[PDB]
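# Observations on chain architecture
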Amino acid sequence: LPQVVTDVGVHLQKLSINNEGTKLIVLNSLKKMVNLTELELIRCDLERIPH
Amino acid sequence: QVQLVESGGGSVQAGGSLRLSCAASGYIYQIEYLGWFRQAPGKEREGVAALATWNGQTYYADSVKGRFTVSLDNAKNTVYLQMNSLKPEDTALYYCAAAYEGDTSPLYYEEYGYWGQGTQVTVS
């Protein structure tokens, strides 16, 4: 996930990401978008809900 | 709205070959997801294949994987299906399937919004 997205998420309320077959590594990049109220992770191939 | 026309099936032998096809008319740009759906006689329809419109990622059902090959002709707005060494399990009713944007249904007829006439494929 781009770091700039993580930075701007400080005011984001809804985020949707589509990887269409690409495995997505969060590597703990979600604890700065604290304003988010809706999280959509479609075709991101996690195989595990991130912490 | 969007209409689909397909052909290229019929009666073949196990060990024959077929070249399925389907052409699209109407709104050709708005269609995001394309695939094939086959229907056994009296049984539920099965999503045969799936393809991203411009992302270009191809998908197929396990029962037809390695035997059925999707083909798309952007020039003529056509979707083909080329298969060989068929099996009697391929005898089914195949419908041209198109889905607009927002949906990520590879082989599920749940959200596809346009279907073709239906071509009977017979493999003995």
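Residues numbered from 1 in each chain as written, not as in the entry; some residues may be left out. Chains lettered and ligands numbered in written order. Part of a larger assembly, values for the part shown. Heavy atoms only, no water.

Method of determination, as given in the entry header: cryo-EM; reported resolution: 3.80 Å.

### So, the packing of aromatic side chains
Residue and element names in this part refer to chain B. Counting across every chain of the model gives six aromatic pairs over all chains. Centroid distance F37 to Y112: 5.6 Å. Interplanar angle 65°. Geometry classified as edge-to-face. One end of the pair, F37, is in strand β4 (residues 31-39); the other, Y112, is in the loop between β10 (92-100) and β11 (114-115), and 75 residues separate them in sequence. By relative accessible area, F37 is classed as buried at 0%. (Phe/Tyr/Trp six-rings, centres within 6.5 Å; stacked < 30°, edge-to-face > 60°. Helix = DSSP H or I, 4+ residues; strand = E, 2+ residues; numbered from the N terminus. Buried < 20%, exposed > 50% of the residue type's maximum accessible area, 1.4 Å probe, protein only.)

### What about unusual backbone geometry?
Residues and elements named next belong to chain A. With phi around 40°, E20 is a residue other than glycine that occupies positive phi space. The topology assignment puts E20 in the loop between β1 (14-18) and β2 (38-42). For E20, a relative accessible area of 26% translates into the label partly exposed. Despite not being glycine, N28 has its phi angle at roughly 55°, a positive value. Secondary-structure assignment places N28 in the loop between β1 and β2.

### Quick notes on the environment of B:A50
All names here are of chain B. Within the fold, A50 resides in strand β6 (residues 49-52). Judged by relative accessible area, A50 falls into the buried class, the value being 1%. What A50 contacts, discounting residues up to four positions off in sequence, is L34, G35, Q57, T58, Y59, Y60, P106 and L107. (Contact = heavy atoms within 4.5 Å.)

### Here we look at empty space enclosed by the protein
Residues and elements named next belong to chain A. Under the criterion given, the structure shown has one cavity of 30 Å³ or more. The space that makes up the largest cavity amounts to roughly 40 Å³. As for the largest cavity, its lining consists of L1, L15, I17, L24, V26, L30, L39 and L41. Those elements giving two or more residues to the lining of the largest cavity turn out to be β1 and β2. Looking at the lining of the largest cavity residue by residue, the classes come out as eight nonpolar, no polar and no charged. (1 Å grid on protein atoms, 1.4 Å probe; cavity = no way out; pocket = protein on both sides within 12 Å on 5 of 7 lines; lining within 4 Å. Points joined across faces, edges and corners; volume = space filled by probe spheres on them. Nonpolar A, V, L, I, M, F, W, Y, C, P; charged D, E, K, R; others polar.)

### Things to note about the state of the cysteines
Residue and element names in this part refer to chain B. Tallied over the entire structure, the rule returns one disulfide over all chains. Paired through a disulfide, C22 and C96 show a sulfur-sulfur distance of 2.0 Å. What sets the handedness of the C22 and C96 disulfide is the S-S torsion sign, and at about -90° it is left-handed. A residue pair is termed long-range when its members are at least 10 positions apart, and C22 in strand β3 (residues 17-25) and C96 in strand β10 qualify at 74 residues. (Disulfide = S-S within 2.5 Å.)

### Considerations on the sheet that holds β3(B)
Residues and elements named next belong to chain B. Ordered by their spatial adjacency, four strands build an open sheet running β1-β3-β9-β8, and the pairing between neighbours is antiparallel. Whereas interior strands pair on both sides, the edge strands pair on one side only; in this sheet they are β1 (3-7) and β8 (68-73). Here the average twist between neighbouring strands, direction ignored, is 20°. In this sheet, strand β9 (residues 78-84) lies alongside β3 in antiparallel orientation, the contact comprising seven bridges. The partner of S21 across the bridge, within β9, is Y80. (Pairing = 2+ DSSP bridges. Axes fitted to C-alpha atoms, helices over the stretch in contact; angles between N-to-C directions.)

### What about the layout of surface pockets?
All names here are of chain B. Empty space within the largest pocket amounts to approximately 270 Å³. Around the largest pocket, the lining comprises 14 residues; the ones closest to its centre are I28, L34, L72, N74 and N77. Counting only elements with at least two residues in the lining of the largest pocket, the list comes to β3, β4 and β9. Class assignment of the residues belonging to the lining of the largest pocket gives a composition of 10 nonpolar, four polar and no charged.

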